[PDB]
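Written out below as structure tokens is the structure these notes cover.
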2 protein chains.
Amino acid sequence: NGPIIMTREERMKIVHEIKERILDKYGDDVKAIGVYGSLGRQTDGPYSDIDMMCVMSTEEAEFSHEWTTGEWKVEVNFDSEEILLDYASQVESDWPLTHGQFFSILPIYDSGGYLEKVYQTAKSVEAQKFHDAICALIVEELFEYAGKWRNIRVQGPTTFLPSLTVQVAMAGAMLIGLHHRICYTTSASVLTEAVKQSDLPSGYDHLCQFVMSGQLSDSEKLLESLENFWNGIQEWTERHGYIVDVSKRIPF
Amino acid sequence: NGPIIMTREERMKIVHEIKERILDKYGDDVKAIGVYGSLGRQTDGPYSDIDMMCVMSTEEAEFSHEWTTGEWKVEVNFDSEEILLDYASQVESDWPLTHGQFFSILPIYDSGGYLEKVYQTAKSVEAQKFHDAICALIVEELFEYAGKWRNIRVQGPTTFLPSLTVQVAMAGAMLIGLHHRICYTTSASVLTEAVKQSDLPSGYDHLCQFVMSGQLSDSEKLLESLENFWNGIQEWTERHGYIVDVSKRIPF
Ligand SMILES: [Cl-]
Ligand SMILES: [Cl-]
Ligand SMILES: [Cl-]
Ligand SMILES: [Mg+2]
Ligand SMILES: [Mg+2]
């Protein structure tokens, strides 16, 4: 019957039962246990799932348990300190979605500053990694999307244009979060938070208006908006120096 | 203002230049080079990008070159045979999207029949792997989405509902592709191809009509149709034997 309504109590009671089980099973190999996500921020909604992380001492440990009782769902990730610290300092295109984890840790067990080390690692990533991630996002995501909607314009199917427009708006939101080095709180707040940031590429606000209102049925207006945003991307990347040499056919 | 229009002949000229560069640069370390995707499928559209894969001899090789010339985009993935074969036989939630690569390989260089081995491996994945992927998709993706839209029903923001409904339709399309062990042709064809299939969960077609028409502005209607789809998922899993384990509070 899908997820049920739960109070914080009820979620925190579940969390501590899981914490006790984790300690019972893995003992001294457990360096720390934390809750993250909306429950970690104390902004969990009545229907939110439960996300937990466990820092292991064990060499190369990297596994997870994700399950449901039919009424709620839990995900517990287990990583060695070195693997987690490596992950916390890697900036991919979806860093604004994934790494909010590390700014929302509610520590529930910690044998010696491990969760603070994770947070410090996440918040200390050097600027070059964000610069590289943005340039890669332009190539690997937005340029590809531009080809996809131009293909739709000339050969269909327009039945994919609403979904593609949503994907472009989300990629634009990742671009904005990388530029400002800010992680979105929840996936539901991404567009709301993205359009509140400064220095957006032109055309992004208009695109997000279509996506947030759900008025995605006028294909000519969507293609116009996507092209306008794509033009804004060209101006924005040039203004901020997110440019690589593209003159050679083969750059290796 | 790329991507520009190119013919298939122009793309294959680019492809063979890149093949010559790879062989020039990496030499005897190159086992095979193939084109995949729409171009490998000879169904590339006027604006399609170029996707290439390279099997390397060094056992831990795993890198890529992805770039644009301003006018077109190329992605070349380099993997050792061992890494590629393992990846070709892994079935994740997005297998219907990602593993079409392995059924669209056009070999352009091959010193040992390596690309046929990759294809055979991808084709020979056991049915249990799809069963496990379906159960994981329901728990890890759909159950989470249900919580997100139920939270929206009671506390907003409805501005995320069009994007969430798109994500739910795509997850349903992965479920259908896993059930039929079929990879979608292009990402733009996913919804059209998923809804032509047999054995759809009840409510999925109705939900996809909103997403494909782009009529995503009526929030009550989307919430009703998501709930109906969620119910249809429950009946569909029982009919097809995809029983998710809900018996343990803590399964470790
Ligand atoms: Cl570019
Ligand atoms: Cl291209
Ligand atoms: Cl297998
Ligand atoms: Mg979650
Ligand atoms: Mg590509």
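Labels for the structure tokens follow display order: chains A, B, ..., residues from 1 in each chain, ligands from 1.
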- Message: Which residues are near residue B:195? Cut-off 9 Å, only C-alpha atoms, ignore same chain within fewer than 5 positions. Put them as a list in words.
- Response: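 The neighbour list is residues 173, 176, 190, 200, 204, 205 and 208 of chain B.
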- From stretch 84-212 of chain A, collect each residue whose DSSP state is strand (DSSP E or B) and return the set as a PyMOL selection string. chain A and resi 106-110
Please provide as a compact mmCIF listing (two decimals) with N, CA and C atoms, in the first residue's frame all residues within 12 Å of residue B:91, with the sequence filter that same-chain residues fewer than 2 positions apart are discarded (counting only C-alpha atoms).
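Contents of around-v1.txt, freshly written:
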# COMPACT_ATOMS: atom_id res chain seq x y z
N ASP B 86 32.21 -7.67 -17.74
CA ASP B 86 31.47 -7.59 -16.49
C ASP B 86 30.33 -6.58 -16.59
N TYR B 87 30.61 -5.39 -17.12
CA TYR B 87 29.56 -4.39 -17.28
C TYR B 87 28.45 -4.87 -18.22
N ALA B 88 28.81 -5.57 -19.31
CA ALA B 88 27.80 -6.05 -20.25
C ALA B 88 26.85 -7.08 -19.64
N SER B 89 27.26 -7.75 -18.57
CA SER B 89 26.42 -8.77 -17.96
C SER B 89 25.77 -8.30 -16.65
N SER B 93 18.79 -0.98 -12.94
CA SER B 93 17.45 -0.47 -13.21
C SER B 93 17.34 0.17 -14.59
N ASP B 94 18.42 0.78 -15.08
CA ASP B 94 18.41 1.45 -16.37
C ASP B 94 19.04 0.60 -17.47
N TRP B 95 19.17 -0.71 -17.25
CA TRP B 95 19.59 -1.61 -18.33
C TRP B 95 18.85 -1.41 -19.64
N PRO B 96 17.53 -1.21 -19.69
CA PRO B 96 16.86 -1.03 -20.99
C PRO B 96 17.34 0.20 -21.75
N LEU B 97 17.91 1.17 -21.05
CA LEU B 97 18.47 2.38 -21.63
C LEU B 97 19.94 2.22 -21.97
N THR B 98 20.72 1.65 -21.06
CA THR B 98 22.16 1.67 -21.22
C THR B 98 22.66 0.54 -22.11
N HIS B 99 22.03 -0.64 -22.06
CA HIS B 99 22.67 -1.78 -22.69
C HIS B 99 22.26 -1.99 -24.13
N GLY B 100 21.42 -1.11 -24.69
CA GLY B 100 21.28 -1.09 -26.14
C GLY B 100 22.61 -0.89 -26.86
N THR B 121 27.96 -11.98 -24.62
CA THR B 121 27.83 -11.84 -23.18
C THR B 121 26.58 -11.05 -22.81
N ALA B 122 26.36 -9.92 -23.47
CA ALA B 122 25.19 -9.11 -23.19
C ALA B 122 23.92 -9.87 -23.52
N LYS B 123 23.96 -10.69 -24.57
CA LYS B 123 22.76 -11.39 -24.99
C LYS B 123 22.44 -12.58 -24.09
N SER B 124 23.42 -13.10 -23.35
CA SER B 124 23.27 -14.37 -22.65
C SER B 124 23.01 -14.18 -21.16
N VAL B 125 22.61 -12.98 -20.74
CA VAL B 125 22.36 -12.75 -19.32
C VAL B 125 21.15 -13.56 -18.88
N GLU B 126 21.26 -14.20 -17.71
CA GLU B 126 20.23 -15.12 -17.24
C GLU B 126 18.99 -14.37 -16.76
N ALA B 127 17.83 -15.03 -16.88
CA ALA B 127 16.56 -14.39 -16.57
C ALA B 127 16.50 -13.93 -15.13
N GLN B 128 17.17 -14.65 -14.21
CA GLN B 128 17.11 -14.25 -12.80
C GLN B 128 17.63 -12.82 -12.61
N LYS B 129 18.60 -12.40 -13.42
CA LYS B 129 19.15 -11.06 -13.25
C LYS B 129 18.11 -9.98 -13.54
N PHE B 130 17.22 -10.22 -14.51
CA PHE B 130 16.15 -9.26 -14.76
C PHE B 130 15.11 -9.28 -13.66
N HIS B 131 14.81 -10.47 -13.13
CA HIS B 131 13.89 -10.56 -12.00
C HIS B 131 14.41 -9.76 -10.81
N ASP B 132 15.69 -9.92 -10.49
CA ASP B 132 16.28 -9.17 -9.38
C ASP B 132 16.26 -7.67 -9.66
N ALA B 133 16.52 -7.29 -10.90
CA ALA B 133 16.53 -5.87 -11.24
C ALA B 133 15.13 -5.27 -11.11
N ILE B 134 14.10 -6.03 -11.48
CA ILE B 134 12.73 -5.53 -11.36
C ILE B 134 12.37 -5.30 -9.90
N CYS B 135 12.65 -6.28 -9.04
CA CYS B 135 12.34 -6.10 -7.63
C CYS B 135 13.10 -4.91 -7.05
N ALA B 136 14.37 -4.75 -7.40
CA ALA B 136 15.14 -3.62 -6.90
C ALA B 136 14.58 -2.28 -7.40
N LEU B 137 14.16 -2.24 -8.67
CA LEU B 137 13.57 -1.02 -9.22
C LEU B 137 12.34 -0.61 -8.43
N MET B 174 11.36 1.42 -17.78
CA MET B 174 12.45 0.50 -17.46
C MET B 174 11.91 -0.83 -16.96
N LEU B 175 10.93 -0.76 -16.08
CA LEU B 175 10.28 -1.97 -15.59
C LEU B 175 9.78 -2.83 -16.76
N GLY B 177 10.75 -2.78 -19.93
CA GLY B 177 11.87 -3.30 -20.72
C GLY B 177 12.60 -4.43 -20.02
N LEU B 178 12.73 -4.35 -18.70
CA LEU B 178 13.32 -5.45 -17.96
C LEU B 178 12.46 -6.70 -18.06
N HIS B 179 11.14 -6.52 -17.97
CA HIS B 179 10.23 -7.66 -18.05
C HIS B 179 10.35 -8.39 -19.38
N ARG B 181 12.99 -8.12 -21.44
CA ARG B 181 14.42 -8.24 -21.79
C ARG B 181 14.73 -7.57 -23.11
N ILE B 182 14.25 -6.34 -23.26
CA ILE B 182 14.42 -5.58 -24.49
C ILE B 182 15.02 -4.23 -24.15
N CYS B 183 16.01 -3.83 -24.92
CA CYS B 183 16.59 -2.51 -24.79
C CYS B 183 15.86 -1.57 -25.73
- Message: Please identify all protein, DNA and RNA residues within 7 Å of ligand 5, counting only C-alpha atoms and all ligand atoms, and report them as a list in words.
- Response: residues 140 and 144 of chain A; 49, 50, 51, 74 and 75 of chain B
- Near residue B:224, counting only C-alpha atoms, which residues have an atom at most 12 Å away, once you skip same-chain residues fewer than 4 positions from it, shown as a ChimeraX atom specification? /B:146,149-150,153,161,165,203,206-207,210,218-220,228-231
Write the selection just made, keeping N, CA, C and O atoms, as an mmCIF file, in the first residue's frame?
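Written file, part_20.cif:
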data_model
loop_
_atom_site.group_PDB
_atom_site.id
_atom_site.type_symbol
_atom_site.label_atom_id
_atom_site.label_comp_id
_atom_site.auth_asym_id
_atom_site.auth_seq_id
_atom_site.Cartn_x
_atom_site.Cartn_y
_atom_site.Cartn_z
ATOM 1 N N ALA B 146 6.707 7.172 -4.935
ATOM 2 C CA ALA B 146 5.392 7.222 -4.310
ATOM 3 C C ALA B 146 5.420 8.084 -3.060
ATOM 4 O O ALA B 146 4.476 8.841 -2.800
ATOM 5 N N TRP B 149 5.494 11.837 -4.223
ATOM 6 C CA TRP B 149 4.249 12.465 -4.651
ATOM 7 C C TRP B 149 3.220 12.506 -3.529
ATOM 8 O O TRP B 149 2.390 13.419 -3.503
ATOM 9 N N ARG B 150 3.258 11.555 -2.593
ATOM 10 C CA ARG B 150 2.338 11.649 -1.460
ATOM 11 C C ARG B 150 2.700 12.828 -0.568
ATOM 12 O O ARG B 150 1.814 13.573 -0.127
ATOM 13 N N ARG B 153 1.250 15.744 -2.266
ATOM 14 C CA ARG B 153 -0.188 15.869 -2.056
ATOM 15 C C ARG B 153 -0.496 16.613 -0.760
ATOM 16 O O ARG B 153 -1.409 17.446 -0.718
ATOM 17 N N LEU B 161 5.738 18.299 -9.485
ATOM 18 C CA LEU B 161 4.936 17.187 -9.973
ATOM 19 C C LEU B 161 5.097 16.909 -11.461
ATOM 20 O O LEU B 161 5.086 15.723 -11.837
ATOM 21 N N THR B 165 6.340 13.209 -12.434
ATOM 22 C CA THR B 165 5.527 12.337 -13.274
ATOM 23 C C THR B 165 6.328 11.826 -14.462
ATOM 24 O O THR B 165 6.193 10.664 -14.850
ATOM 25 N N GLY B 203 -2.963 1.476 -15.423
ATOM 26 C CA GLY B 203 -2.662 2.854 -15.118
ATOM 27 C C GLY B 203 -1.412 3.401 -15.773
ATOM 28 O O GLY B 203 -1.247 4.625 -15.804
ATOM 29 N N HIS B 206 -2.329 5.299 -19.174
ATOM 30 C CA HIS B 206 -3.005 6.561 -18.875
ATOM 31 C C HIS B 206 -2.016 7.598 -18.357
ATOM 32 O O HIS B 206 -2.037 8.767 -18.765
ATOM 33 N N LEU B 207 -1.143 7.185 -17.448
ATOM 34 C CA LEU B 207 -0.108 8.092 -16.966
ATOM 35 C C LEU B 207 0.775 8.588 -18.105
ATOM 36 O O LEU B 207 1.121 9.778 -18.160
ATOM 37 N N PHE B 210 -0.334 11.676 -20.234
ATOM 38 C CA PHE B 210 0.008 13.010 -19.732
ATOM 39 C C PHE B 210 1.432 13.383 -20.124
ATOM 40 O O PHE B 210 1.691 14.499 -20.583
ATOM 41 N N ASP B 218 -2.433 19.849 -14.596
ATOM 42 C CA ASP B 218 -3.547 19.553 -13.689
ATOM 43 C C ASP B 218 -3.030 18.653 -12.570
ATOM 44 O O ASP B 218 -2.922 17.441 -12.736
ATOM 45 N N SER B 219 -2.745 19.247 -11.412
ATOM 46 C CA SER B 219 -2.099 18.510 -10.330
ATOM 47 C C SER B 219 -2.969 17.392 -9.737
ATOM 48 O O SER B 219 -2.423 16.319 -9.428
ATOM 49 N N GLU B 220 -4.309 17.570 -9.623
ATOM 50 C CA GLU B 220 -5.101 16.531 -8.946
ATOM 51 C C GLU B 220 -5.102 15.308 -9.840
ATOM 52 O O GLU B 220 -5.104 14.161 -9.393
ATOM 53 N N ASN B 228 -3.125 5.508 -9.238
ATOM 54 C CA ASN B 228 -3.668 4.387 -9.997
ATOM 55 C C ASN B 228 -2.562 3.518 -10.567
ATOM 56 O O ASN B 228 -2.679 2.285 -10.606
ATOM 57 N N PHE B 229 -1.506 4.145 -11.065
ATOM 58 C CA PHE B 229 -0.363 3.392 -11.559
ATOM 59 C C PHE B 229 0.299 2.609 -10.435
ATOM 60 O O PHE B 229 0.691 1.454 -10.625
ATOM 61 N N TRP B 230 0.445 3.231 -9.259
ATOM 62 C CA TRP B 230 1.057 2.539 -8.125
ATOM 63 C C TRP B 230 0.255 1.294 -7.743
ATOM 64 O O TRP B 230 0.833 0.236 -7.478
ATOM 65 N N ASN B 231 -1.077 1.398 -7.746
ATOM 66 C CA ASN B 231 -1.927 0.222 -7.547
ATOM 67 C C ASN B 231 -1.729 -0.800 -8.659
ATOM 68 O O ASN B 231 -1.674 -2.010 -8.405
#
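The space between atom CA of residue A:4 and atom CA of residue A:70 spans 8.6 Å.
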- Kindly provide, as a VMD selection string, the residues of chain A having any atom no farther than 8 Å from an atom of chain B, counting only C-alpha atoms. chain A and resid 1 to 3 18 21 45 to 49 65 to 70 73 139 to 140 143 to 144 146 to 148 150 to 151 155 157 to 163 166 188 to 189 191 to 192 211 to 218 246 to 252
- Across A:197, A:225, A:7, A:111, the smallest distance to residue A:42, with only C-alpha atoms counted, is shown by A:7
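Closest approach to ligand 3 from the set B:185, B:120, B:38, B:202 is made by B:120, with distances taken over only C-alpha atoms and all ligand atoms.
Here atom CA of residue B:29 is placed at a distance of 12.8 Å from atom CA of residue B:62.
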- Task: Quote the spacing between atom CA of residue A:85 and atom CA of residue A:117 in Å to one decimal place.
- Result: 8.2 Å
